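Peer 1: Got a structure for you, written out below as structure tokens; questions coming shortly.
Here the Cβ positions follow ideal geometry from the backbone for every residue, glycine too, while neighbour counts run over all protein chains shown. Bear in mind that the values in this text are calculations on the coordinates, not laboratory data.
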Amino acid sequence: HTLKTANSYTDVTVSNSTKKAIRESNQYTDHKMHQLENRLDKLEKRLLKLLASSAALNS
Amino acid sequence: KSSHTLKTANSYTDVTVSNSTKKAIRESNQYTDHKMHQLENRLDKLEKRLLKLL
Amino acid sequence: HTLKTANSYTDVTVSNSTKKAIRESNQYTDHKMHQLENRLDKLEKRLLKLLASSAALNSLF
């Protein structure tokens, strides 16, 4: 009786814990990828500048 | 009966919880590798376009 | 009771687990993001340099 009840309480709580961990870690991930996306957006705009600048250098 | 029962149940907890810590770290590390491919591919492209442009 | 004690042990163990997995996943994500940031810093620097010498050449000419 008691062994089965504890082990099932373990199973259900553990399974909720696994979800919460991944949920929270994957949200941190999304947070860091956003920061590197912003950075890549800004790079790409700088490259677009150099492109026009290069074509203008010809002459 | 009951210290035997407490002990058995805690041993169950220990192996189940640790496997789950490992499980959660594996899936999150996988999701992160997924988001890293897309970021690194974007940067690969940018350096390629700068090199071409040069 | 034995059940109450077993379940309390389970709650502390699981809570410590959640904290540990999140910490370790996040440390991973931090190392992978730091590597890219490094790559990205080098290119930022090259671009600023190429932009200023082309923006200089334009002005001169």
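Peer 1: Go through B:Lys48/C:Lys45; B:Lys35/C:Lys49; A:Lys49/C:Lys49 and tell me which ones have a Cα-Cα distance over 19 Å in this structure.
Peer 2: Cα-Cα > 19 Å for B:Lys35/C:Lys49; rest within.
Peer 1: Another question about this same structure. Where does chain C land on the Kirkwood hydrodynamic radius, alpha-carbon pairs, in angstrom?
Peer 2: 16.2
Peer 1: Just tell me how shielded C:38-44 is by partners: mean number of partner chain Cβ atoms within 10 Å of each residue's Cβ, no decimals.
Peer 2: Mean shielding by partner chains, rounded to a whole number: 4.
Peer 1: So if each residue of separation counts as 0.36 nm, and I subtract the Cα-Cα distance between A:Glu37 and A:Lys4, what length gain in nm does that give?
Peer 2: Computed gain between A:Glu37 and A:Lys4 is 7.0 nm.
Peer 1: Given only helices, namely DSSP H runs of n ≥ 4 each adding -39500 (n - 2.57), what is the per-residue ellipticity at 222 nm of the protein assembly as shown, to the nearest 500 deg cm²/dmol?
Peer 2: It comes out at -35500 deg cm²/dmol, rounded to the nearest 500.
Peer 1: Once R0 is set to 45 Å, what does the formula 1/(1 + (r/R0)^6) return for the Cβ-Cβ distance between C:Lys20 and B:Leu51, expressed as a FRET efficiency to the nearest 0.05?
Peer 2: So, using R0 = 45 Å, E works out to roughly 0.55.
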